[PDB]
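Down below is the structure, laid out as structure tokens.
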Number of protein chains: 2
Amino acid sequence: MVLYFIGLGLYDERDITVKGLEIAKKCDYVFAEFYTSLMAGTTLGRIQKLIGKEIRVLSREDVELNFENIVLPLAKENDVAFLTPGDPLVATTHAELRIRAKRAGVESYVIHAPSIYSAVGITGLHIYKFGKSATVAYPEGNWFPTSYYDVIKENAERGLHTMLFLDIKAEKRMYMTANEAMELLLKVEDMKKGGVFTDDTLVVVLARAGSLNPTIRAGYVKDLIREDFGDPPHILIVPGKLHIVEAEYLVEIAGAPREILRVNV
Amino acid sequence: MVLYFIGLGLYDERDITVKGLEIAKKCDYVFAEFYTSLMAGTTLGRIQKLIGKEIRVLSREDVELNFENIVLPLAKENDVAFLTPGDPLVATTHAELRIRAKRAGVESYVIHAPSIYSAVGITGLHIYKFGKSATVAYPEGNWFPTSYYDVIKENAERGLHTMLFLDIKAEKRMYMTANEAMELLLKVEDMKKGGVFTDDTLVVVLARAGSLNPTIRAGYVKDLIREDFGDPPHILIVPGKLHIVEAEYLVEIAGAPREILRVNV
Ligand SMILES: Nc1ncnc2c1ncn2[C@@H]1O[C@H](CSCC[C@H](N)C(=O)O)[C@@H](O)[C@H]1O
Ligand code: NA
């Protein structure tokens, strides 16, 4: 009679919370999805060993189209868990799943875990200064989407930071690197010419948040566009004007050039 | 000879991640602060029991003025942990403490935990749609903070949601309720008269996120301003333009007036 939405956290199998783990262990059935994102520092087998439960993986279709036929029926007479990377209900379409549960007469509870939305705080950028967020998608065929560029423009104009999710092909295990994101934005800039993203724009790259050894790099596009930030996934952030304390952190912790202490403050 | 910034999470001692617990258990010294937020479902005793260590609680003054004299010295010959509610770097100035650690020649690591910043996902409002955030601070003497009003205005003009962290006076054991925040906002509206926050404004209240039964309520200020949302902590949210599915969730899960289902595109 109960469905638990449990977050797996940021990077590896130890990023789930104590509460999430213990609840998952008490559930009769455990489902999970890895299409919104993947857990780069672990594997399905490792997650299964930790929880001590067989984990049934669901595709995007399984969830978006058949959540009520796959998961909810079992939640009617059993305790069921639905695992997702990060914090549950962060992914745009997930909240609606709770409405589906309600409609099926199924109780649902949310067990939180770390999300990249809050983990980006490790970049030293103040959380309150983040504006609307967006996702950088690849142009394809006769389609060249550029809304993420406008998001950066509107946030920066108001002195706000912009966190950018990069394209991911979960099934194909293909990720867009920060380097690729930068090249794309420069391309959009050449077309838009709004002076939003150029070789002189200061950016921050965050890779493997959650790991004990994440990669946090800050610098101008001209110098970072060909740098190696390691394995994906990568998060690209275009900061708005910096508070001196944010700049100092980027210099001391993210290897930013001293230059930002005068140029971007 | 290392320092760990470990978040304890949203509500109780089990909101810590497995990673954080296992690391906290093996630290020689454990410090913590409980002035940046409130963990309404646990006690220092329960936290110490879980980690199996005596915890030295520090005041805002101990940290802000003496972190380098109290904590860092021990981090040179021992493994030390600094625990905080929620995520250690979210809506705190703790990130700067990493600079102090570095300058003191002490390596530091950050272990994230669920944060209220991402926990807002449980309100059904798309997290990417949140704009600049703000804090509603208690007026003091002749000083009456009002900047948070302009933040709501700026975001609303852009159709973005506004998350409002609420004030806290740990030493006085005072935690601002959503009701108090609404009263303060109405007073600011009277002064500025920008039509930003009135009795007809739709707001969402999230209380005690992290608990199994948090209070999630949506409605007009006139109807919620005197409603009991249970014990603190609380956060107040002023949504911007709603997507149909956001309104549906607010009605089905947050008990919002069915009339908001009819969005004015
Ligand atoms: N469980 C919870 N439920 C509702 N609001 C919460 C909350 N935890 C924190 N807050 C809100 O955030 C304020 C503290 S700001 C510090 C936030 C913390 N670092 C984190 O990561 O969550 C509180 O005064 C309150 O308004
Ligand atoms: Na945000």
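Just follow the structure's listing: the first ligand is 1, and inside any ligand the first atom is 1. Chain letters run A, B, ... following the sequence lines, proteins first, then strands; residues in each count from 1.
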Next item on the list: Go through the steps for B/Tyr4 and B/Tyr109 under the test ring pair (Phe, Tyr, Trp, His ring centres under 6.0 Å), then give the verdict.
Entry: CA-CA 5 Å; B/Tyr4 290 106; B/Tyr109 297 74; 5.6 Å; yes
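- At the shortest separation from atom 23 (C) of ligand 1 among protein heavy atoms lies B/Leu166 O, 3.9 Å.
- Side chains of B/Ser147 and B/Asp150: a donor-acceptor N/O pair is absent below 3.5 angstrom, by distance only.
- A side-chain donor from one of B/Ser118 and A/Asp87 sits under 3.5 Å from a side-chain acceptor of the other.
- For B/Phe67 and B/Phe82, the ring centers sit closer than 6.0 Å to each other.
- In this model, a donor atom of one side chain and an acceptor atom of the other lie less than 3.5 Å apart for B/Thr162 and B/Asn155.
- For atom 8 (N) of ligand 1, the nearest protein heavy atom (residue, atom name, distance) is B/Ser37 OG, 3.5 Å.
- For atom 2 (C) of ligand 1, the nearest protein heavy atom (residue, atom name, distance) is B/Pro233 CG, 3.5 Å.
- At the shortest separation from atom 3 (N) of ligand 1 among protein heavy atoms lies B/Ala209 N, 3.1 Å.
- Within ligand 1, the atoms closer than 4.0 Å to a non-hydrogen atom of B/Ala91 are 15 (S), 16 (C), numbered from 1 in the order shown.
- When hydrogens are left out, the protein atom nearest atom 20 (C) of ligand 1 is B/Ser115 OG, 3.4 Å; that is the closest non-hydrogen contact.
- Between B/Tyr117 and B/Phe165, the two ring planes are parallel [angle under 30°; tilted spans 30° to 60°].
- The protein heavy atom nearest to atom 14 (C) of ligand 1 is B/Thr36 O, 3.1 Å.
- The aromatic rings of B/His243 and B/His126 sit tilted, their planes meeting at an angle between 30° and 60°.
- Between B/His234 and B/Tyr175, the ring centre distance reaches or exceeds 6.0 Å.
- Regarding atom 11 (C) of ligand 1, its nearest protein heavy-atom neighbour is B/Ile235 CG2, 3.3 Å.
- Atom 22 (O) of ligand 1 has B/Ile116 N, 3.0 Å as its closest protein atom, hydrogens excluded (heavy atom only).
- Ligand 1 does not have B/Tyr117 within reach: every non-hydrogen atom of the residue lies 4.0 Å or more from it.
- At a cut-off of 3.0 Å, B/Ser133 is not counted among the residues with an N, O or S atom near the Na ion (ligand 2).
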